[PDB]
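Coming up is one lone chain in structure tokens, specifically the form deposited in one PDB entry.
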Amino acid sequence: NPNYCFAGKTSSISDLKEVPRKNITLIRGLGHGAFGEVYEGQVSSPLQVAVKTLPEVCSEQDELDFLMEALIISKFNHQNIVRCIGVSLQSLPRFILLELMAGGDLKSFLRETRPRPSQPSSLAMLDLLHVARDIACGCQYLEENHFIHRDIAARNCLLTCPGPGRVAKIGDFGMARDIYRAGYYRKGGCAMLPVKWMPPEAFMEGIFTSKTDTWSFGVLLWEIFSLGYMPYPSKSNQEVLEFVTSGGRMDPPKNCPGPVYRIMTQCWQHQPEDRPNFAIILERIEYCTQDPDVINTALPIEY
């Protein structure tokens, strides 16, 4: 059985909490993950869960990838990273049971909660700053524990609920799992890499540090403040690659306050040494939340 090391501590399949198959009920499909459907489920006042499934028709590598994902998520202990309730690997199809996030993914939340004439203040600058702070908190925990996420993006973030009081969390570690297992990428190729979220040293030299996550965080900030637009509008992966290597950077999203845009530009410094760490990113987000000129800025209303 493969071993997994995090914060200098080793774990294996035997450390995962196997939950009896009879105690799990699938309710509805929520969409698809990297390799398999994800369901809303219940574990027996039942525990509300997200059920990641492993296709029964899969290779031995798919089975080992699935196990590694369970080990990775089960070893984290942070409020801004989705909890793992357990696994059900002794029955087919195999399951990973995660904390149900009732607000769905962040990208679809921003696109659907965008202020409209119908919803005048669905969302405000403070809601965006709270999502950004929540994710920066999770990234800080990964950085302090020497774990490089490699795929910080809106599609990988989830929300506990749609309304006020929502907490944003990192809910996917598929890229980091792929690198941990083989050392490189892997199952995919050039066309599958998250090019639009990567710094120059990453796509050019294959060099990854916590400053890689800082760059991707800046891109996530743009995704947040644009209200769910795809980064580098109208540019393909190769155009982005060339644009970014030549010093090109995204313009501020529509109505973005200057102090918020300044965080993005700092995250996008060419030299990793010039980029802020997550503690500095958090201090800057915290200062933006205190500033009336930032939080009183109206979000654009989409007609």
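Residues that one form lacks are left out of the comparison. Think of the rigid core as the biggest set of C-alphas that the two forms share within 1.5 Å after superposition. In case it trips you up, residue 1 is the first one in the sequence shown, and so on.
This protein has a second form, the form deposited in another entry, left out of what is shown; the following refers to that one.
Q: Can you tell which residue in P164, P120, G183, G189 has its CA shifted by 2 Å or more between this form and the one not shown when the core is superposed?
A: Result of the superposition: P120 is the only one at 2 Å or more.
Q: Superpose the two forms on their rigid core, then report whether the C-alpha of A34 is displaced by 2 angstroms or more between this form and the one not shown.
A: Yes, the C-alpha moves 2 Å or more.
Q: Indicate closer or farther: the Cα atoms of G86 and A34, in the other entry, relative to the displayed form, with a change of 3 Å or more.
A: Their C-alpha distance grows by at least 3 Å in the other entry.
Q: What moves between this form and the one not shown once the core is lined up, counting runs of 3 or more consecutive residues with C-alpha shifts of 2 angstroms or more?
A: Moving stretches, in sequence order: 32-35, 117-121.
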